[PDB]
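What follows is a short report on a single structure.
Whatever order the structure lists them in is the order used to number ligands and atoms, beginning at 1. Just so it is clear, the values below take in all heavy atoms, side chains as well, and ignore hydrogens, waters and symmetry mates. Position 1 is the first residue of the sequence, and the numbers go up from there.
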Amino acid sequence: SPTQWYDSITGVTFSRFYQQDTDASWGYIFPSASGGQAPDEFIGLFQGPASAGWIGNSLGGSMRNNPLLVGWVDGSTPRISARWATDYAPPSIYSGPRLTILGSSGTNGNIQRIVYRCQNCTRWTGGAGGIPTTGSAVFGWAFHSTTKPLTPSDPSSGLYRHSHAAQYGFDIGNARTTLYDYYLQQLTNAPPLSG
Ligand code: HEM
Ligand SMILES: *[C@@H]1O[C@H](CO)[C@@H](O)[C@H](O)[C@H]1NC(C)=O
């Protein structure tokens with residue numbers, strides 16, 4: 001399970017899943033219903049060892065038929081891509097999601113971070129069908145421990161199969177916050193990673 005986690009780099013709090021084998025983290029912030037009504041978006045965080053190749057998720061758990069987001073750092077430059085697989089095969093580029101890389105992204109030489117806004121990312125056809133407003137969500141996580149996408153300058157780069165991947169359940173309502181807009185602004189305005 002993920003827990004509420006203070007991001008010391010930015011002062012914001014995420015619902016964070018820390019994976020012990022990879023030493024990577026997957027953080028999410030979702031908008032509320034009390035304030036900031038339209039919830040067709042969330043903020044994500046991919047964080048891991050600076051030497052890792054790429055870090056990704058599945059928004060419906062299964063690799064199959066759910067938005068797959070994949071982030072990496074090309075030198076010092078963060079990248080992010082939305083993808084879609086109909087089986088256990090190299091995913092294709094998925095249009096639908098609107099992705100914005102936010103501040104505190106890049107590398108300090110110890111960690112890499114990709115902090116992102118994902119709009120139009122909570123409803124889709126197939127798989128889980130979307131991220132529920134309330135109740136349980138199952139997310140996937142995926143990680144390549146060593147090797148960057150083949151052409152790391154291109155957000156549509158081909159990539160090698162993850163060295164590690166699995167799934168976990170979490171309470172979506174616990175990841176929702178009326179602080180969402182404040183958090184979004186704060187993260188957008190954070191400078192890039194440098195240490
Ligand atoms: C060359 C590309 C890829 C291939 C051939 C591939 C293949 C597979 C295979 C065979 C599994 C079954 C479990 C395992 O053996 O690890 C799996 C699981 C998974 N993959 Fe991929 N994968 C690829 C890329 C991706 C990407 C880019 C993501 C998302 C960023 C992703 C997300 C997952 C997740 C979450 C699981 C675990 C849940 C499930 O079993 O469906 N994969 N993948
Ligand atoms: C949002 O995503 C869906 C795919 O899940 C797509 O059909 C639609 O065109 C996208 N909408 C916008 C407004 O970009």
Side-chain angles (χ1 to χ4, degrees), residues 1-2 15-28 30-31 36-49 51-74 78-101 105 112-133 136-170 172 175:
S1 183
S15 174
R16 192 224 29 193
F17 173 76
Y18 167 77
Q19 207 293 325
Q20 64 181 336
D21 316 326
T22 63
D23 296 318
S25 308
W26 286 259
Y28 305 89
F30 284 79
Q37 195 140 116
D40 192 4
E41 74 170 275
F42 62 93
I43 294 164
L45 163 71
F46 295 146
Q47 180 162 300
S51 63
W54 58 259
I55 311 168
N57 59 22
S58 168
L59 304 186
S62 166
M63 185 187 162
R64 296 162 309 106
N65 310 300
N66 296 292
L68 309 181
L69 313 178
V70 60
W72 69 94
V73 179
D74 174 32
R79 309 237 181 250
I80 192 127
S81 171
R83 311 205 179 177
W84 192 283
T86 56
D87 196 41
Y88 290 138
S92 308
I93 301 310
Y94 168 50
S95 64
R98 308 269 70 98
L99 294 161
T100 307
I101 293 164
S105 299
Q112 63 183 281
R113 267 170 76 102
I114 307 95
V115 186
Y116 62 88
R117 191 199 191 179
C118 202
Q119 288 170 278
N120 191 23
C121 298
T122 64
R123 295 281 177 255
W124 55 87
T125 58
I131 298 165
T133 311
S136 53
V138 184
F139 277 7
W141 57 269
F143 182 83
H144 205 296
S145 71
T146 67
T147 302
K148 304 289 170 155
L150 286 279
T151 58
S153 81
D154 183 350
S156 292
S157 180
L159 49 67
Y160 293 105
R161 196 199 105 97
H162 33 80
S163 55
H164 304 78
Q167 316 186 53
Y168 57 89
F170 73 105
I172 193 66

Any nitrogen or oxygen of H162, main chain or side chain, under 3.5 Å from a nitrogen or oxygen of ligand 1?
-> yes
Is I55 in contact with ligand 1, taking contact as a heavy-atom separation below 4.0 Å?
-> no
Are any of the protein's heavy atoms under 4.0 angstrom from atom 14 (O) of ligand 2, yes or no?
-> yes
Less than 3.5 Å between some nitrogen or oxygen of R161 and one of ligand 1, yes or no?
-> yes
Does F139 come within less than 4.0 angstrom of ligand 1, counting non-hydrogen atoms of the residue?
-> no
May I ask you to identify, for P91, whether its side chain, its backbone, both or neither come under 4.0 Å of ligand 1 on a heavy-atom basis?
-> side chain
State the NE2-CH2 distance between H164 and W141, to the nearest 0.5 angstrom.
-> 6.5 Å
Per-atom filter on ligand 1: closer than 4.0 angstrom to a heavy atom of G56 are 30 (C)
Would you mind telling me if ligand 2 is within reach of the side chain of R98, the backbone, both or neither, using heavy atoms under 4.0 Å?
-> side chain
Just which atoms of ligand 1 are under 4.0 Å from any heavy atom in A165?
-> 19 (C), 34 (C), 36 (C)
Examine all N, O or S atoms of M63, backbone included, and report whether one is under 2.8 Å from atom 21 (Fe) of ligand 1.
-> yes
Numbered atoms and elements of ligand 1 in range of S62, under 4.0 angstrom, heavy atoms | 41 (O)
How long is the gap from CZ on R16 to OG on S1, to the nearest 0.5 Å?
-> 11.5 Å
What protein heavy atom sits nearest atom 37 (C) of ligand 1, and how far away is it?
-> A166 O, 4.0 Å
Atoms of ligand 1 close to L69 [distance to a heavy atom under 4.0 angstrom, numbered from 1] = 30 (C)
Logged contact type for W141 with ligand 1, heavy-atom cut-off 4.0 Å, is backbone
Distance (rounded to the nearest 0.5 Å) between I55 CD1 and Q47 CD | 8.0 Å
Hey, does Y94 come in under 3.5 Å of ligand 2, counting only N/O atoms on both sides?
-> yes
Which of the ligand 1 atoms, numbered from 1, are nearer than 4.0 Å to a heavy atom of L159 | 1 (C), 27 (C)
Closest to atom 6 (C) of ligand 2 (judged by heavy-atom distance), picking from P67, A82, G96 | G96
How many angstroms lie between CZ in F42 and SG in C118, if you round to the nearest 0.5 Å?
-> 4.0 Å
Between the CD1 atom in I114 and the CG atom in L45, the distance rounded to the nearest 0.5 Å is 8.0 Å
Applying a 4.0 Å heavy-atom criterion (strictly less than), which segment of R83 is in contact with ligand 1: side chain, backbone, both, or neither?
-> neither
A85 near ligand 1, heavy-atom distance under 4.0 Å?
-> no
Per-atom contacts of ligand 2 with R123, taking only distances under 4.0 Å to non-hydrogen atoms | 5 (O)
Between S105 and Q112, is any pair of side-chain heavy atoms under 4.5 Å apart?
-> no
Full working for side chain to side chain contact (heavy atoms under 4.5 Å, CB included) between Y116 and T100 = CA-CA 5 Å; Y116 62 88; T100 307; over 6 Å; no
How about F17 and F170: are their ring centroids closer than 6.0 Å?
-> no
Under 3.5 Å between some N or O of ligand 2 and some N or O of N120?
-> yes
Starting from atom 40 (O) of ligand 1, which protein heavy atom do you reach first, and at what distance in Å?
-> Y88 OH, 2.9 Å
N66 side, atom CG; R64 side, atom CZ - distance, nearest 0.5 Å = 8.5 Å
Consider only side-chain N and O atoms of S153 and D74, and report whether a donor and an acceptor are under 3.5 Å apart.
-> no
For atom 29 (C) of ligand 1, the protein heavy atom that lies nearest, with its residue and separation | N57 O, 3.3 Å
Worked check of side chain to side chain contact (heavy atoms under 4.5 Å, CB included) between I80 and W72 = CA-CA 7 Å; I80 192 127; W72 69 94; over 6 Å; no
Donor-acceptor pair, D154 side chain versus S156 backbone, under 3.5 Å?
-> yes
Going by the order shown, which atoms of ligand 1 are within less than 4.0 Å of some heavy atom of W54?
-> 26 (C), 27 (C), 30 (C)
Atoms of ligand 1 close to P90 [distance to a heavy atom under 4.0 angstrom, numbered from 1] = 1 (C), 2 (C)
Look at atom OH of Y160 and say whether more than 12 heavy atoms of other residues, nucleotides or ligands are closer to it than 6.0 Å.
-> no
Nearest heavy atoms of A142 and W26, plus distance in Å | O-CZ2, 3.6 Å
Can you label the angle between the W54 ring and the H144 ring as parallel, tilted or perpendicular, going by 30° and 60°?
-> tilted
For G61, take its heavy atoms, then give the atoms of ligand 1 lying under 4.0 Å from any of them.
-> 35 (C), 38 (C)
